[PDB]
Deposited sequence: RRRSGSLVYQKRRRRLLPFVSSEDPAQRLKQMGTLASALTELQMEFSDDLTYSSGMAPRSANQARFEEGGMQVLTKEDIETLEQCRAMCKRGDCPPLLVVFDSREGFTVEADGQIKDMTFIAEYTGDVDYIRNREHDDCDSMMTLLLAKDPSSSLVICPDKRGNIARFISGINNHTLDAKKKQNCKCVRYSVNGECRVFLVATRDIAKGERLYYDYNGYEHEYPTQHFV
């Protein structure tokens, strides 16, 4: 079962957290969007039944946790995360309070587009939404103009025998009311100050990670 995250109790701590995100979003000429935005690809193109060999369905209970988390972010109760710059990684995301195992961290957001319209895109943060048999139907999330914390989260080096030991969250795709949705979930208990890491190549192997720390 998905768990709702625990926002920091001090309002000044939540402001400092939102501040680090606003700052990193600014340096990237980005606006804040905690939703998928649909020009490029219409909302009507996002159908989970189009996924090759199907897409797991998010349960009523888990949709309720997702909606609760979404309502928390809307009122100022962001997850306890800090966007911190790193000499070796660029912008990174660290836990700024405890994050229990199975906790919903965030949804991977940005403009939804057809993979075909982004074949020559330099965005270091593109994420697959829908993988259909028809390549003209495959979708991707593009946080180049608007996004949230998800795009700043680090990935593991898939080439080294020990970089999997750094992984503390997992990216998953679930069908939510018939649409593909991309979520980040803590795979273990994460302490204050731990940097967040997931596998950028959880399904396809379309992300070069050989030079990652």
**OP:** Give the ranges of the deposited sequence, numbered from 1, for which the structure holds no C-alpha coordinates, in sequence order.
**Re:** 1-14, 53-54
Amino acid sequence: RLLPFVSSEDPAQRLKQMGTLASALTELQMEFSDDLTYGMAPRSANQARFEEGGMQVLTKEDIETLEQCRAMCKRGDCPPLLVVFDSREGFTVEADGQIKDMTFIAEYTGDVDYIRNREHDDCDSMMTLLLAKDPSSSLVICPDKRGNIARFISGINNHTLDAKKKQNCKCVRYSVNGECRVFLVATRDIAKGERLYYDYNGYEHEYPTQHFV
From here on, numbers count along this sequence of modelled residues.
Original post:
Mean C-alpha B factor from the entry: is it higher for 160-168 or for 61-69?
Top reply: 160-168
Original post:
For the stretches 146-154 and 40-48, which has the higher mean C-alpha B-factor as given in the deposited record?
Top reply: 40-48
**OP:** For the C-alpha B-factor as written in the entry, point me to the maximum among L131, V93, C78, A106.
**Re:** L131
**OP:** Report the third (lowest, middle or highest) to which the CA temperature factor of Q29 belongs, ranking only the modelled residues of the same chain.
**Re:** middle
Subject >> Third assignment of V6 from its chain's C-alpha B-factors >> reply: lowest
**OP:** Check where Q56 lands among this chain's C-alpha B-factors and tell me if it's the lowest, middle or highest third.
**Re:** middle
Original post:
Going by what the PDB entry lists, where does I141 fall on CA B-factor within its chain: lowest, middle or highest third?
Top reply: lowest
